[PDB]
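Everything below concerns the one structure shown next.
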Amino acid sequence: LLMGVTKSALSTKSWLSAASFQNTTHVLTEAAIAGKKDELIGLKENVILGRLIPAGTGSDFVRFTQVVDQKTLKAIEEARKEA
Amino acid sequence: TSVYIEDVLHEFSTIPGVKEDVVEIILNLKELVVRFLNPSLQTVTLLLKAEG
Amino acid sequence: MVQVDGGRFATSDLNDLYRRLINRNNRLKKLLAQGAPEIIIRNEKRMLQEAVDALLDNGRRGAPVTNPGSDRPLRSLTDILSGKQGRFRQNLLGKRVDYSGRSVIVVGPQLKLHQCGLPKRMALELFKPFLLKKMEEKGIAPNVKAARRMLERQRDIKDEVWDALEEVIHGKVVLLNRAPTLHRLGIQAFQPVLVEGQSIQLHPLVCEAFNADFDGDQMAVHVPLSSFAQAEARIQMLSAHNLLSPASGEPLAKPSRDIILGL
Amino acid sequence: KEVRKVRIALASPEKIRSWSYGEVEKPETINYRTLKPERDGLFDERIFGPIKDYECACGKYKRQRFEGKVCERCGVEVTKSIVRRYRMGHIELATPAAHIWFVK
Amino acid sequence: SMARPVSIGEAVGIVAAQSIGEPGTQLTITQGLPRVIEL
Amino acid sequence: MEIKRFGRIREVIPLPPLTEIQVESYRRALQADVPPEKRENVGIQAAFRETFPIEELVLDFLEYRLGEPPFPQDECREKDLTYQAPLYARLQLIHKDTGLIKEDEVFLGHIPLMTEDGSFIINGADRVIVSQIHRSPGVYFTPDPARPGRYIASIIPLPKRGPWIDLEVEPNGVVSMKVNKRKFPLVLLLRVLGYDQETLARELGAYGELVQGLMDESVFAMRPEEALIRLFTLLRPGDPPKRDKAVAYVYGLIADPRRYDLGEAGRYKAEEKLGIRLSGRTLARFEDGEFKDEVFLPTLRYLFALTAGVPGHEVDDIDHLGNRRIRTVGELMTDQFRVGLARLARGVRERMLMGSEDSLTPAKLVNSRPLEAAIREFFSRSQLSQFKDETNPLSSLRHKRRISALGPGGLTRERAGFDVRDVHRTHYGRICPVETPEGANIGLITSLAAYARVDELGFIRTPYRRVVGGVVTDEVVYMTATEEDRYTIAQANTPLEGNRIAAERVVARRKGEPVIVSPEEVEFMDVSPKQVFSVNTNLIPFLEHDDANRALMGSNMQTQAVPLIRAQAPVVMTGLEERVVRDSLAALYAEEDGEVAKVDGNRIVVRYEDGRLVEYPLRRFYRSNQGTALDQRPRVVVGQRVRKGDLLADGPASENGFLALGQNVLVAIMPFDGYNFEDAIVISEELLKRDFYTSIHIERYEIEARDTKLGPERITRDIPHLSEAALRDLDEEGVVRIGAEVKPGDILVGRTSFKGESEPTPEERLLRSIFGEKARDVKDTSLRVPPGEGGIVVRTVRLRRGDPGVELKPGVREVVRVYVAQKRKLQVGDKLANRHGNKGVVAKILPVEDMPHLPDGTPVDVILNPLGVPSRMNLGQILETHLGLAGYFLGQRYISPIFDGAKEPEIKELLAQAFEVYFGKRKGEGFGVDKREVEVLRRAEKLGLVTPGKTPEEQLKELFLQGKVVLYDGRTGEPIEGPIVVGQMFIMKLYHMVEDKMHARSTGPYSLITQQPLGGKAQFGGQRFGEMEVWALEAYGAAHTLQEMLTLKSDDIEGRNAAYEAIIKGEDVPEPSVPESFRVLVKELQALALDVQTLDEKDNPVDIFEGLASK
Amino acid sequence: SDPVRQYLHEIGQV
Amino acid sequence: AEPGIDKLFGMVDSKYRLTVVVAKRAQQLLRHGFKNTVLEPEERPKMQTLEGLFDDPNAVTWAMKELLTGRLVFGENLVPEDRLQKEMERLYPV
Amino acid sequence: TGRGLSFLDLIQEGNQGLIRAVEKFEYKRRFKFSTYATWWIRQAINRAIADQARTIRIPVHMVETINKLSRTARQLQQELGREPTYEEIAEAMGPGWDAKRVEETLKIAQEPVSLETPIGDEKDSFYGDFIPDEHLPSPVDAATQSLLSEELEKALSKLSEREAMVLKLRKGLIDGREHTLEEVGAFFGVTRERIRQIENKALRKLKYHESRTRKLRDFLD
DNA sequence: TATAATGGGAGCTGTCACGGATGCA
DNA sequence: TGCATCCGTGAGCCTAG
Ligand SMILES: [Mg+2]
Ligand SMILES: [Zn+2]
């Protein structure tokens, strides 16, 4: 099934995205009837919510990377080797 | 560098009996060529009084 | 229901809509208690339904509820939510922000690609809390409060505060943006160079990606605050780091009219 | 706990009443002489919250020592005035009325 | 923009939309932007 | 200096009074000069005669009268009053039963008066009523878009004066009349009009296939009363079909001259189109009890004949300027006056039932508040009532001469397609095809042509000279577009000897179509090329060499010129710059011949022939709507003899009576180290040195002190916790003294407001105890100077309550206005522009010793980039530069007419006369050719610009005739490797200045509901990081920067407080939190009965309100 | 469709 | 252009990972007052005020330079969070 | 119509008046019903208008006074050819009315304005969006208050534990309440005079530290 | 608190294109 | 099942105002 960009954007899973795009009342009525849950998968969702978007420095792929200097590195190494 | 006119409060003024505004009077005072003969001298205050 | 400078009151249309609803509902309750006939009770019930409709989505059904002596439809909750002026598009997908400025831009050909010219007085406000902290570090003020009261007046500003602002903005970058922002290159990060005057100095090579020229354009400035935001702006958004267009891969930071002409 | 999802659903009358801190019975807004909110109106402090932080309407309780107390003379809880941005009211319709979204 | 493999986490959708939209104001014996929208 | 003027064309007539479109309009509308009995049924008189008499008791209208203004124009502008005249109306109340008559003159409030220049003073602010173009009322025929061989006939009255009526021939064959969004068979209405089948068949049977569909046997069977009742049932279902009700409704729909009104234009157009005569401005009449048709049968006959194909019936071009008319100030004000009068009449009729019917007077019967408010509404909040654009005098002139397609009764922006915005052929000589805004308003806002004038029916007429035989008469005929479509009209430049056409073939127009035609076919001829363009466009010399897109930019930007303290008329004028000043009333002129008695900086006294001694005061340093100093200077001397129409005082932006919008600067066209890159402009510091492009501006600050529920706001010098350093320049009463310099943060007016009731925090209790000082009752609320503003205090107006002649709005004790002036010099970021569309920002101000300079030491003033020229196609500025070089050396100015200006041969001749002065002075002073000049000549003859082998002087002359000269780089002394165009160009400093634009904020005011920063420099607001900005940040992947914009910068209250605290303490900014606007969204959705719940990954609720909204 | 018209019709039946 | 930005991008599988590393290290430096730096005194970034060459206050500049030196180890799941924080505050107290 | 209440609202209130009239009507008087009906219907309509037509509701007698003021001003303007002053309006109102009273009555009669009033002829800007929020503290204000708390605690550390506690209790830094000297004496087991004395000496040491360090003066605004 | 009084009134005007529901042959 | 026809909804960004 092929739809245009407008209908495809309106038909997405995120009711926040759809209702902030267009046909706000239609989207909100159908979503509230269905009891829809927005999982906050896309950008517009987390932008509305003020959350850190899931791209770039917000991508889970790079989010949790740590930095540590070799001094503290060896220190904690011997520390966790002392038990 | 500086001009005081009696009974004139600011540059955007106008003296009665004078055709010029203070802006134009100052623009004319910008052309005054004042030669100091004494090289040690560094500030003069010319005084002008006129009527009629 | 707020008082304004002149002691006058401004109120939302939702209050008048709610008042319509309260009045019609109380009159319906009293009409029912007094055993009013069915024609009257029916009229009151249909008016109550219309009042609820006007509160929730005014203009949806029937004529829009207006204010007395006005053609302006009252702003209902549906109107508040939806539209280009609606809640989502106007205040959730985009906001007015602190630590931002706006000024007329100027050609500034002496800058290196990673630089821009930020006027002193703009940076004074754009970095005001950093400058307060640095004026406390250096001896220029006993505390933040005294430093701020010292900056408040424009004749109380001495040269040490300018050198302190220089120490403050060292290495930091600011975001320049020119509307309309048509692609990600409509915002770029530059190391600012404090200059006298009141004009922003753009670099020549970025004018093309900005669609900027110098017939009266203006650009907005934003100060990334956190170390994380500064890292983002310097690594990912620095002008000299975006030379090829993401749309075609070809360089879009390339020589322009005067440069091409001389060469 | 951190937010992960956002659910939107229809509201029961019981849930609408559970949101509400009081019924707006009068259509008045504020008094024409005192400029204070009119009781049981659209800006009632007893319903929606104190206009000023930790200060009930009449002024018997005016500090943080009483947070949660509901003044016996005026009926206003002494908490942060920010709650007047948050606390819902309600109106009890005599005849039920259709939500025009689900109609039109 | 870098002539190298794209880094994981790039907002590729937004980049695509902006890349397609930016020259729209330039689209003119030609069907042009109405054709682009019809597609 | 000498003023050489080119141009063979001699104009048989001068330009009409340029503001007459406003002046005559309002004068005819008011009829204040006509004695009442001799007034005509127009304007206010027509409105009164339309509203009266008022029946059921009878109240009739005798006459009206206007009084004298209670306060003159200057006092109105001073005290924020409306310049207006008192309106009285003599009304006699009659009892049709008794015969009693009680006649009284009731006072219906005030009506705003138009000033001398065609503007208005509404609440002290100058405003202009912009003319409105719209489709003329009448009867039109336009093709049905569905069926090609069918046509819709439209009947269109004045706006708000009746419904449109559409006649269509349906596919089923019957003719349908469509009114008020409802269709029915026209046959029923014809039967109501008294038409019978015999007359209809004998009147329309010539068209075979249509009268059959017209025939309806049942409708012909039923009587006129039955058909009227049936039509009422068809038009208003549910309403009981009472016979008197149906009579009233159909009458007020089709025949009531009070409820249905064609224009006078509409009546004439219907007559001219259908070959009929109208009794009045209605479609039918009510005579002797029955309806008598006047419009419907003619329109139906025309529609049938058009559908058939009968010769003599055409479709109508609805964008023809004979079908689009101009509603001027008089007509718009009259419409609003009629509506206010109708509301007053409703009140009168309602009171003619209440009260005691035995004892009543017109003074008791009339309440004027409807009319008062309906006039105030128009003048104060109409879209066509605009804040007057009085930057310079040409701004006001052009503003008054503008035509809007927008506004009440017209198109909204979405309803504008291409047909309206298009330049129609009939715009020739009526609407300027150049002067129009860029952007969404293009083709909707336009300007009246120079020679064009609006006739009494509202159509724009343009003049033409009569041509009989081959002789061109001096008699002019002003024609509408409709009448212009009848004649062959030759061009204005067609050659002549005396009054006779010279050429064998002339260029002419038939219905705008261009055609080469013999002198015997010439019926009329153009007056001048000027008549094709607006007043602003006619100020663009060498316009014939400028592409229209950039000519538009120059024409519009002339409006934005700032009056400079040393303004000059351009070296290359077009001829209109004197009439512009005159008709704009900038300058001051002598009434009759006489002799100057006195000359002051404030006034000029003249003794005329009549012996009477007349004194003219001079407006000195007044602030205009846009803060540009309107200021008159005296241009005569004591004892100087003057004639009628001579100049006594120059207005702002006027030099000796010539429009002086900018300055004449020496410009070199060359790149310069990238400082003119992409239209930037380089200027010499010598411009600042001699105060070129230096303008005086004034700003008005205002502060009120009113009564509170906590005590009186007091304007006072006693402000708590402030030093004498901060209070230095305040007088006894707290107001800044006249003449003191004020910087950002300085107090203009001191004010104390009473502190709001609040308990001191325990911190404040302990601090007050530590210091031993009472916390004052009042609070510093003084009016300080905004950031980036300031200057010199030149005026202070103080108004209290209780002092004579003053009454403020209720509650306000006192008002104070401070006026702060400033002498703005040119600086980087200011916008310059020439009359050809070349506009730029000052980017680099170089010291004189760096400027490209002539061999004789003369440095240029402005460096412009040739790269601005080729893609813009505005060579007129190049021609102006050449002629300016010539005139710069010859010491003379020129008047080059539009499309009849200086041509290249004559420009070369003047350039040679100038080169003689340039080079012979040197060769006589004892100097030969420079070595660098020889090198430049070498490279120039390599460029093919001079002939190899001629002398250096001859080659330099060859270059000079091309407008190019040798230029030394002041930084090296080495010459520019090529010859460069240097000359005098007229350049203006536009209104857009960096001191006005530059703004910056760190923290400031937030909005009430959204808790986001406010917007606009005026409110110290933040920049809008909108959707597309968020998109840019997303595509970059700057998640934390985006989250800062979303939370810490604007909406996170907790986070913004904590972030400011962390930055002033030296800590890293804290992790953000929930945006207050998202909380607002949640609560508004709850108000819409929608449960919105934030959830953790276990699907349990998450309270983003932290317990404050849950019991 | 029009509440005033509908109520006027309802009135016009008694 | 930031000095050695090409090598800094070569160090990582994702430029955004590079940015996160730089930002977290700058946070470390600010929180510990630079007493934890991996830069020798001759490698410290300097700025030119009227007094003289002073330590560059830009912790992000510092962190990029340290990353270039390579005495920093970066990656996911290297140490518990509280353990890292407490060991860093034990070595370099606040 | 056009008095603040809609046509249908006026119709419903008039129906209420008609119900009252049906209840109170006395056919014995031989009057047609419409007379008594009309009286009660007019009364109900006018009461409803006065009660509801204002956002800030105003008592009915005050409404009638304001409308008397309105008609007085209108008569004066129709007889003077100009709008009247407060003094002329007070004169025409007669005994007990002065210009101050006329002005205060006019001020009380001022109706509120809409926050969504359009600013500009385009549909982009509302009047409310230019109205700042004065209630919520600014970031600068909140930071100043927290800095004041921190500096006050700094200065209170320069005291002894007990003599800083006496000040914290007597000035509300603890409990939010200001304890009396007898209460602080009962808490520390000393005489009320003893607590007053150690409070005096604690404030003395604080004043000395202040005159020495000048760390709190900037907080006096 | 009483003479009788018994169904409103403004509309509004030069766009357009599409999607989806209703309405007829 | 197929069309006309009606209703509802959307129609660029920032500035100032
Ligand atoms: Mg530009
Ligand atoms: Zn209380």
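Scheme for the structure tokens: letters A, B, ... for chains in order shown; per-chain residue numbers from 1; ligand numbers from 1 in order shown.
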
Which of chain E DSSP labels alpha helix (DSSP H), written as number ranges by chain
E: 12-21, 33-38

Using N, CA, C and O atoms, can you export the residues from the last selection as an mmCIF file, in the first residue's frame?
data_model
loop_
_atom_site.group_PDB
_atom_site.id
_atom_site.type_symbol
_atom_site.label_atom_id
_atom_site.label_comp_id
_atom_site.auth_asym_id
_atom_site.auth_seq_id
_atom_site.Cartn_x
_atom_site.Cartn_y
_atom_site.Cartn_z
ATOM 1 N N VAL E 12 19.318 10.811 10.079
ATOM 2 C CA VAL E 12 19.341 10.661 8.630
ATOM 3 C C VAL E 12 18.020 11.095 8.014
ATOM 4 O O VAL E 12 17.994 11.678 6.926
ATOM 5 N N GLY E 13 16.906 10.841 8.702
ATOM 6 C CA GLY E 13 15.616 11.255 8.171
ATOM 7 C C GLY E 13 15.502 12.761 8.044
ATOM 8 O O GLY E 13 15.090 13.281 7.003
ATOM 9 N N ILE E 14 15.859 13.481 9.110
ATOM 10 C CA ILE E 14 15.830 14.940 9.067
ATOM 11 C C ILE E 14 16.788 15.457 8.005
ATOM 12 O O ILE E 14 16.478 16.409 7.279
ATOM 13 N N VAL E 15 17.970 14.842 7.899
ATOM 14 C CA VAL E 15 18.920 15.270 6.875
ATOM 15 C C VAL E 15 18.318 15.094 5.487
ATOM 16 O O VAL E 15 18.429 15.979 4.631
ATOM 17 N N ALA E 16 17.653 13.964 5.251
ATOM 18 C CA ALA E 16 17.045 13.715 3.949
ATOM 19 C C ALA E 16 15.951 14.731 3.654
ATOM 20 O O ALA E 16 15.879 15.287 2.550
ATOM 21 N N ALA E 17 15.088 14.987 4.641
ATOM 22 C CA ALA E 17 13.991 15.926 4.438
ATOM 23 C C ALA E 17 14.513 17.324 4.138
ATOM 24 O O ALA E 17 14.026 17.994 3.220
ATOM 25 N N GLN E 18 15.518 17.779 4.889
ATOM 26 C CA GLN E 18 16.085 19.098 4.633
ATOM 27 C C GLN E 18 16.768 19.153 3.273
ATOM 28 O O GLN E 18 16.641 20.146 2.547
ATOM 29 N N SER E 19 17.492 18.091 2.905
ATOM 30 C CA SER E 19 18.183 18.071 1.623
ATOM 31 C C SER E 19 17.195 18.141 0.469
ATOM 32 O O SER E 19 17.471 18.769 -0.560
ATOM 33 N N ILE E 20 16.037 17.499 0.626
ATOM 34 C CA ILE E 20 15.029 17.534 -0.427
ATOM 35 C C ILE E 20 14.287 18.864 -0.432
ATOM 36 O O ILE E 20 13.907 19.362 -1.499
ATOM 37 N N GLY E 21 14.089 19.476 0.735
ATOM 38 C CA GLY E 21 13.283 20.677 0.822
ATOM 39 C C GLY E 21 13.998 21.968 0.486
ATOM 40 O O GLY E 21 13.390 22.870 -0.100
ATOM 41 N N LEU E 33 8.005 22.280 -9.005
ATOM 42 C CA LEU E 33 7.599 21.963 -7.639
ATOM 43 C C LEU E 33 6.198 21.367 -7.538
ATOM 44 O O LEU E 33 5.999 20.487 -6.682
ATOM 45 N N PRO E 34 5.196 21.801 -8.312
ATOM 46 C CA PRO E 34 3.915 21.081 -8.275
ATOM 47 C C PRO E 34 4.047 19.621 -8.662
ATOM 48 O O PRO E 34 3.358 18.775 -8.083
ATOM 49 N N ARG E 35 4.930 19.297 -9.612
ATOM 50 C CA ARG E 35 5.189 17.898 -9.939
ATOM 51 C C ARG E 35 5.866 17.178 -8.781
ATOM 52 O O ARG E 35 5.521 16.031 -8.464
ATOM 53 N N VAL E 36 6.844 17.833 -8.153
ATOM 54 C CA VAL E 36 7.514 17.242 -6.995
ATOM 55 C C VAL E 36 6.500 16.916 -5.904
ATOM 56 O O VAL E 36 6.564 15.855 -5.271
ATOM 57 N N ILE E 37 5.527 17.802 -5.695
ATOM 58 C CA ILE E 37 4.520 17.576 -4.663
ATOM 59 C C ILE E 37 3.520 16.507 -5.096
ATOM 60 O O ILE E 37 3.091 15.680 -4.283
ATOM 61 N N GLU E 38 3.132 16.507 -6.375
ATOM 62 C CA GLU E 38 2.276 15.453 -6.909
ATOM 63 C C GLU E 38 2.905 14.081 -6.724
ATOM 64 O O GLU E 38 2.193 13.089 -6.522
#

I want to know what sits within 9 Å of residue 9 in chain A, based on only C-alpha atoms (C1' of nucleotides), with residues of the same chain fewer than 6 positions away left out; could you give that as a PyMOL selection string?
chain A and resi 17-18+21-22

Writing out the chosen residues with C-alpha atoms as a JSON list (two decimals), in the first residue's frame:
[["chain", "number", "residue", "atom", "x", "y", "z"],
["A", 17, "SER", "CA", 3.93, 13.11, 16.36],
["A", 18, "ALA", "CA", 0.63, 12.85, 14.48],
["A", 21, "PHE", "CA", 1.69, 17.47, 12.80],
["A", 22, "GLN", "CA", -1.91, 17.86, 11.66]]

Let me have all residues with an atom within 7 Å of ligand 2, counting only C-alpha atoms (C1' of nucleotides) and all ligand atoms, laid out as a PyMOL selection string.
chain D and resi 56-61+71-76

Mind dumping the selected residues with N, CA, C and O atoms as a JSON list (two decimals), in the first residue's frame?
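Written out: selection.json:
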[["chain", "number", "residue", "atom", "x", "y", "z"],
["D", 56, "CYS", "N", -2.71, 31.38, 53.56],
["D", 56, "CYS", "CA", -4.13, 31.20, 53.31],
["D", 56, "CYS", "C", -4.79, 32.55, 53.02],
["D", 56, "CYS", "O", -4.18, 33.61, 53.13],
["D", 57, "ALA", "N", -6.07, 32.49, 52.65],
["D", 57, "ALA", "CA", -6.76, 33.66, 52.12],
["D", 57, "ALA", "C", -6.83, 34.78, 53.16],
["D", 57, "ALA", "O", -6.39, 35.91, 52.90],
["D", 58, "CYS", "N", -7.39, 34.48, 54.33],
["D", 58, "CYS", "CA", -7.63, 35.53, 55.33],
["D", 58, "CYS", "C", -6.34, 35.98, 56.02],
["D", 58, "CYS", "O", -6.27, 37.13, 56.48],
["D", 59, "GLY", "N", -5.34, 35.12, 56.11],
["D", 59, "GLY", "CA", -4.07, 35.46, 56.70],
["D", 59, "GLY", "C", -3.79, 34.91, 58.09],
["D", 59, "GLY", "O", -2.94, 35.48, 58.80],
["D", 60, "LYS", "N", -4.47, 33.85, 58.51],
["D", 60, "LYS", "CA", -4.22, 33.26, 59.82],
["D", 60, "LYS", "C", -3.00, 32.35, 59.80],
["D", 60, "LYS", "O", -2.26, 32.28, 60.79],
["D", 61, "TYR", "N", -2.78, 31.65, 58.69],
["D", 61, "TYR", "CA", -1.64, 30.75, 58.52],
["D", 61, "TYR", "C", -0.79, 31.29, 57.37],
["D", 61, "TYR", "O", -1.27, 31.37, 56.24],
["D", 71, "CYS", "N", -7.14, 26.14, 56.30],
["D", 71, "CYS", "CA", -7.61, 27.16, 57.24],
["D", 71, "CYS", "C", -9.10, 27.01, 57.51],
["D", 71, "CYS", "O", -9.91, 26.93, 56.59],
["D", 72, "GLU", "N", -9.45, 26.99, 58.80],
["D", 72, "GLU", "CA", -10.84, 26.78, 59.18],
["D", 72, "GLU", "C", -11.70, 28.00, 58.89],
["D", 72, "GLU", "O", -12.90, 27.87, 58.65],
["D", 73, "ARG", "N", -11.10, 29.19, 58.90],
["D", 73, "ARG", "CA", -11.87, 30.41, 58.68],
["D", 73, "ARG", "C", -12.12, 30.67, 57.20],
["D", 73, "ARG", "O", -13.21, 31.12, 56.82],
["D", 74, "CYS", "N", -11.13, 30.40, 56.35],
["D", 74, "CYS", "CA", -11.22, 30.72, 54.93],
["D", 74, "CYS", "C", -11.28, 29.50, 54.02],
["D", 74, "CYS", "O", -11.84, 29.59, 52.92],
["D", 75, "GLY", "N", -10.70, 28.37, 54.42],
["D", 75, "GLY", "CA", -10.84, 27.14, 53.66],
["D", 75, "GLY", "C", -9.78, 26.88, 52.62],
["D", 75, "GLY", "O", -9.99, 26.04, 51.74],
["D", 76, "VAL", "N", -8.64, 27.57, 52.69],
["D", 76, "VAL", "CA", -7.58, 27.46, 51.69],
["D", 76, "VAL", "C", -6.44, 26.65, 52.27],
["D", 76, "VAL", "O", -5.99, 26.91, 53.39]]

Contacts to ligand 1 at 10 Å cut-off (only C-alpha atoms (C1' of nucleotides) and all ligand atoms) as a CSV table (one decimal) with N, CA, C and O atoms, in the first residue's frame:
chain,number,residue,atom,x,y,z
C,105,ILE,N,24.2,41.7,10.2
C,105,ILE,CA,25.5,41.0,9.9
C,105,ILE,C,26.2,41.8,8.8
C,105,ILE,O,25.7,42.6,8.1
C,211,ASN,N,22.6,31.2,2.8
C,211,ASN,CA,21.9,32.1,1.8
C,211,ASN,C,22.0,33.5,2.4
C,211,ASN,O,21.0,34.3,2.2
C,212,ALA,N,23.0,33.9,3.0
C,212,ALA,CA,23.2,35.2,3.6
C,212,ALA,C,23.9,36.1,2.6
C,212,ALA,O,24.8,35.7,1.9
C,213,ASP,N,23.5,37.4,2.7
C,213,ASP,CA,24.2,38.4,1.9
C,213,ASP,C,24.2,39.6,2.9
C,213,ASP,O,24.0,39.5,4.1
C,214,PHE,N,24.6,40.8,2.4
C,214,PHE,CA,24.8,42.0,3.2
C,214,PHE,C,24.0,43.2,2.7
C,214,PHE,O,24.5,44.3,2.7
C,215,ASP,N,22.7,42.9,2.3
C,215,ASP,CA,21.8,44.0,2.0
C,215,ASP,C,20.8,44.3,3.1
C,215,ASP,O,19.6,44.6,2.9
C,216,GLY,N,21.2,44.0,4.4
C,216,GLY,CA,20.4,44.2,5.5
C,216,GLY,C,20.0,43.0,6.3
C,216,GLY,O,19.0,43.1,7.1
C,217,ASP,N,20.6,41.8,6.0
C,217,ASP,CA,20.3,40.6,6.7
C,217,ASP,C,20.6,40.8,8.2
C,217,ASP,O,21.3,41.6,8.6
C,218,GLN,N,19.9,39.9,9.0
C,218,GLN,CA,20.2,39.8,10.4
C,218,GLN,C,20.3,38.3,10.8
C,218,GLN,O,19.7,37.5,10.1
F,678,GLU,N,29.5,40.3,-1.5
F,678,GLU,CA,28.0,40.1,-1.4
F,678,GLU,C,27.3,41.4,-0.9
F,678,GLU,O,26.6,41.3,0.1
F,679,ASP,N,27.5,42.5,-1.6
F,679,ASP,CA,26.7,43.7,-1.6
F,679,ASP,C,27.1,44.5,-0.3
F,679,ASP,O,26.4,45.6,-0.1
F,839,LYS,N,21.4,48.2,-2.9
F,839,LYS,CA,21.3,48.4,-1.5
F,839,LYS,C,22.3,47.6,-0.8
F,839,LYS,O,22.5,46.4,-1.2
F,840,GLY,N,22.9,48.1,0.3
F,840,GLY,CA,23.9,47.4,1.0
F,840,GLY,C,24.0,47.9,2.4
F,840,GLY,O,23.4,48.9,2.8
F,841,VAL,N,24.9,47.2,3.2
F,841,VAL,CA,25.2,47.5,4.5
F,841,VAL,C,26.6,48.1,4.6
F,841,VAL,O,27.5,47.6,3.8

Residues near residue 533 in chain F, anyone? I mean within 8 Å using only C-alpha atoms (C1' of nucleotides), not counting same-chain ones fewer than 6 positions away, as an MDAnalysis selection string.
chainID F and resid 429 431:434 449:450

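If only C-alpha atoms are the atoms counted, then among F:655, F:199, F:156, F:638 the closest residue to residue 17 in chain B is F:638.
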
Distance limit 10 Å, atoms considered: only C-alpha atoms. Which chain G residues sit that close to chain F? Return them as a PyMOL selection string.
chain G and resi 5-6+8-9+12

Pull out every residue of chain A that has at least one atom within 12 Å of chain J, counting only C-alpha atoms (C1' of nucleotides), and report them as a compact mmCIF listing (two decimals) with N, CA and C atoms, in the first residue's frame.
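The file below, part-v3.txt, is the result:
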# COMPACT_ATOMS: atom_id res chain seq x y z
N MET A 3 0.99 5.39 0.26
CA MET A 3 0.35 6.64 0.63
C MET A 3 1.32 7.80 0.43
N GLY A 4 0.76 8.99 0.29
CA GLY A 4 1.56 10.19 0.27
C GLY A 4 2.17 10.49 1.63
N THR A 6 1.81 13.08 3.57
CA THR A 6 0.89 13.60 4.57
C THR A 6 0.16 12.47 5.29
N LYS A 7 -0.44 11.56 4.52
CA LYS A 7 -1.17 10.45 5.12
C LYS A 7 -0.23 9.53 5.90

Env of residue 1008 in chain F: 6 Å cut, atoms = only C-alpha atoms (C1' of nucleotides), seq-sep filter 2 positions within chain, self excluded. Answer as a list in words.
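The neighbour list is residues 1010 and 1011 of chain F; 133 of chain I.
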
Residues within 6 Å of range 879-894 of chain F, only C-alpha atoms (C1' of nucleotides), excluding chain neighbours under 6 positions, as a ChimeraX atom specification
/F:1-5,571-572,910-911,914,963,983-985

Could you save the residues just selected, with C-alpha atoms, as a short mmCIF file (atom, residue, chain, number, x, y, z; two decimals), in the first residue's frame?
data_model
loop_
_atom_site.label_atom_id
_atom_site.label_comp_id
_atom_site.auth_asym_id
_atom_site.auth_seq_id
_atom_site.Cartn_x
_atom_site.Cartn_y
_atom_site.Cartn_z
CA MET F 1 25.54 75.90 -9.86
CA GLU F 2 24.11 75.40 -13.34
CA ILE F 3 21.26 72.94 -13.91
CA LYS F 4 21.32 71.44 -17.41
CA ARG F 5 18.08 69.72 -18.42
CA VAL F 571 23.21 65.55 -9.03
CA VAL F 572 21.05 63.68 -11.55
CA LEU F 910 29.86 66.59 -20.94
CA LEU F 911 32.55 64.07 -19.97
CA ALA F 914 34.95 67.66 -17.68
CA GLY F 963 33.77 57.22 -17.38
CA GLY F 983 31.76 59.39 -10.36
CA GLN F 984 29.17 61.15 -8.24
CA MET F 985 26.27 58.94 -7.14
#
